[PDB]
Each structure stands twice: as structure tokens, then as C-alpha cells.
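Spelled out, the chains give:
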Amino acid sequence: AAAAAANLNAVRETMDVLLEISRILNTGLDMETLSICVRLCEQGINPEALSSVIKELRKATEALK
Amino acid sequence: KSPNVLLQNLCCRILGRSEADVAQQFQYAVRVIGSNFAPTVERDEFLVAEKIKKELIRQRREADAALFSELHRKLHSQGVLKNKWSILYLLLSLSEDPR
Amino acid sequence: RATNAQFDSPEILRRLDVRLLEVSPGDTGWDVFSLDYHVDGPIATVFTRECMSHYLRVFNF
């Protein structure tokens, strides 16, 4: 109602503060991928396993070109 | 969201392709993520936060080390996350120094 | 022990060591090369701990 629109506002705050953390450390991810990894993290996911996929997807965007 | 479509959704952000253009990369994602869908280590947010500070020292900046304290304050302030260790270890592990 | 710092006291050069910086995804040894002098006892107050943390920042420059 109201607290769930404050929730919907606090999630747009959370992606922005994680975008700030993503840019100051100079990671490869942009804002569009960053909204997917958090959805993966709410269900529970191993970041050691996700990082091995992320270091291959971005190295396979120019191996199918 | 189902995980099988969510990993495909990751594959469509990284590779700019349709969800049926690319299924080899999506197959490698289903290959790796499966049977390790839970973290393999003990976790707390505090240790990886104090290593993100160690990461900001490595790039020769200490003003962001005190800005990142308030950026991690906002995460505790909202409380809309399930795992705050996991995304932060991911963003730490994918880092790179510009030198 | 191949230069003009062999003529100094052995204790001071002995306590020096190379240290690898805390946390690093794979990159040059230039970013993670450091030195650490071991010191204990009474003079650890004159050689203040926080002052060593600033000394490494001078050392990087």
C-alpha cells in the first residue's frame, strides 16, 4: 500500500547504491546486469560459481562474433 | 522468478542476443550454477566489507574508503536484501585496478 | 647484502621483509609490493603504529 511503495522506492535506492559500489571498484558489470545478479542473490546463489560464469560470458561475446 | 529463466535473463544482458539466439552460454550457466546454488563457505557481511575497504586502498584512494562506509550504511538502513555478503563478494571479486 | 647497506647494523636489515598487500584480483606485483619492518618493545611507542600506516603511503609515492 504505502510501506510497499516505500519498499519499491528502497529497492531502486538499493540498485543505485550497488551501482555506485560497482563503478568505484571498476567491475565489468553495468546497471542492466546488476539488476539480475541481485534477483539471483535473493533466492540464494554461490558467488564463487556466478563469478566463473561472468568471467566467461564477457569473454564469449567476441568468440561468437 | 524461476531460476532457469533468470540465468537466461543474465545471458541476454551480457550477450546482446535473443533468448533463443544463445543457448550454449545458457547451457554453460546451467552447468556451473547447478548443485552449487548455495554458498560453499561461512558468510558474514562484515569481513567482506572490511576487504572492500582493503580493495579501495589498493587503488590508492582513501576518501572512497570513508564514503563506502556510508554506502554500506544505506544497505543496513533499508533492509530489503536477503544476502548482503553474496552480492558484495561478487562485486569485490570482479574488481580491477585502473593503475 | 650487495650494496652499501651491508655496512649498517644487521638487525635492521634482518627485520625487513617483502609483504604482499591485502586483497588482489590478478594484476602486477607493482601494485602489491610493500615492505614491513618488524619492531617491538618500548620504541614501538616512538615508532607509533598509526604512523607506520601513514609511512607506507609515503612509501608508495
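Residues numbered from 1 in each chain as written, not as in the entry; some residues may be left out. Chains lettered and ligands numbered in written order. Part of a larger assembly, values for the part shown. Heavy atoms only, no water.

(A) A look at the packing of helix α3 (residues 45-58) of chain B against helix α4 (residues 63-78) of chain B. Residues and elements named next belong to chain B. It is the contact of α3 with α4, at a shortest axis distance of 9 Å, that shows an interaxial angle of 150°. On the basis of the axis angle, α3 is roughly antiparallel to α4. Classified by chirality, the crossing of α4 by α3 is right-handed. For the pair α3 and α4, the contacting residues are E45, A49, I52, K53 and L56 in the first and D64, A65, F68 and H72 in the second. For the contact of α3 with α4, a count of residues per class yields five nonpolar, one polar and three charged. (Axes fitted to C-alpha atoms, helices over the stretch in contact; angles between N-to-C directions. Helix = DSSP H or I, 4+ residues; strand = E, 2+ residues; numbered from the N terminus. Parallel < 35°, antiparallel > 145°, perpendicular 65-115°, else oblique. Left-handed = near helix turned anticlockwise from the far one by under 90°. Contact = heavy atoms within 4.5 Å. Nonpolar A, V, L, I, M, F, W, Y, C, P; charged D, E, K, R; others polar.)

(B) Representation of empty space enclosed by the protein. A full pass over the atoms with the stated rule returns four cavities of 30 Å³ or more. Estimated volume of the largest cavity: approximately 90 Å³. For the largest cavity, the full set of lining residues is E20, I21, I24 and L25 of chain A together with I52, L56, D64, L67, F68 and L71 of chain B. Contributions of two or more residues to the lining of the largest cavity are made by α1 (3-24) of chain A together with α3 and α4 of chain B. The leading source of residues in the lining of the largest cavity is α4 of chain B, at four residues. The residue makeup of the lining of the largest cavity, split by class, is eight nonpolar, no polar and two charged. (1 Å grid on protein atoms, 1.4 Å probe; cavity = no way out; pocket = protein on both sides within 12 Å on 5 of 7 lines; lining within 4 Å. Points joined across faces, edges and corners; volume = space filled by probe spheres on them.)

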